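Below, in structure tokens: the form deposited in one PDB entry, a single chain.
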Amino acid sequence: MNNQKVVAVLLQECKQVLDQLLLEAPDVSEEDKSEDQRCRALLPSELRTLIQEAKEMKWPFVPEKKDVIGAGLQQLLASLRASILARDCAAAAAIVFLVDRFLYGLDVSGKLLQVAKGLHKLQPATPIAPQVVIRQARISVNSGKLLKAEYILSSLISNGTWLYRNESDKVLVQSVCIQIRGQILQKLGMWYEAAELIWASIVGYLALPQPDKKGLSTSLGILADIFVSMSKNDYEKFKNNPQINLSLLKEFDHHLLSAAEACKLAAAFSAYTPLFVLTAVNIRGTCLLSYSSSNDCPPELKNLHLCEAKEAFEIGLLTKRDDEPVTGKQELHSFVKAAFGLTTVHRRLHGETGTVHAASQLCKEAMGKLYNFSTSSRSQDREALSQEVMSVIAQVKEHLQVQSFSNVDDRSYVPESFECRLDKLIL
């Protein structure tokens, strides 16, 4: 449920697994082995199969296919604590594996990884899933400890062992690792080599028997940002590199345009997850706003690219049906950003008209409610203000005539034009 609770319970988990390492003399108790059986059976016959699948190493990453984890988080955490007191470290490490991705969203991966380190020190024989090893690279990158993250990723790719009943599983891990290595080079500003690593991660994802669309989406989005930061010389070298055979490169002649195309593919490979559609098309709209006002845009093509920017921001605004909840600050901001991006496109096409000013006023109003959201603490507020900025966003779509698109797939947040991909990615 709450960030601060999970931290407090994960910290004890660690401090007690630290004591078991010293105290040792595995003198459990009948109350310990009972309370383990106690807490594991409360787990809904559902999470229990998940723990078993994770126990026996069915995948290196938990499949997405969670509300399961979010609901049973309190139970999971109690069973984790009891599994540890019973010195059942395989079940504890399976539970850590299962809550890992959800707890990254809670900003408590640090405490979780301290539990994972404590289980491994208590008995080095315990598996520890690649996802959890990679997680410690992720928070090292987020911290600016870039060398440490590389060491982690290196030790994962070679050298107290986890193994894969599959060959593709090993290349999936290497692809995610290579992706994060690309993000490291990106943090440092080494745009070209970042893009080579991000490209390698994409080739890998595409080589899987079933291509990892999540990975392709997030690598295409990283590639888009790298294209935006690239020098024109960086982009020319990458474009004429005989080892890169990406349709983005051959089909376009400007790094902003390849960036906007990479964002369109990122959104499509994420067509069912509306938050990453919105994120991707906002970057797409920004690229096209930048390109269409640059001296590189043919004057006769200016209107065309601005209408592409228009369409992108609109898709973003359409990722949420009218009166439907929005929870996080990031998604709230992204929504205000798409509304002002749409308003800006109309401004660039038509100047300061009555409808541009009215829309601009609406964006300021939403901006105020968004800042009130980001400076609140009581949950009633965050829920009530979020409604208010979403109420204003709905006003903006109605005011600027945001036409819904129809797509054959009922649950795709991306138009049919976006979805031409996969075989068309590498030509």
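Shifts are known only where both forms have a C-alpha. Here, rigid core means the biggest group of C-alpha atoms that superpose within 1.5 Å across both forms. Numbering starts at 1 and runs along the sequence shown.
The same protein has a further form, the form deposited in another entry, not shown here; the description that follows concerns it.
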Query raised in the report: Which of these moves by 2 angstroms or more at the C-alpha between the shown form and the other one, core superposed: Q174, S293, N166, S154?
Result: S154
Requested in this report: Spell out whether the Cα of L10 moves at least 2 Å between the shown form and the other one when the two forms are superposed on their rigid core.
Outcome: yes
Report task. With both forms fitted on the core, give yes or no for whether the Cα of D409 moves by 2 angstroms or more between the shown form and the other one. Result -> no
Query raised in the report: Relative to the form shown here, do the C-alpha atoms of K58 and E13 sit closer together or farther apart in the other form, given a change of 3 Å or more?
Result: farther
Report task. Since the Cα separation of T327 and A8 moves by 3 Å or more in the other form, tell me which way: closer or farther than here. Result -> closer
Query raised in the report: Where does the chain move between the shown form and the other one, taking runs of at least 3 residues whose CA atoms all shift 2 Å or more after fitting the core?
Result: 2-26, 154-159, 421-423
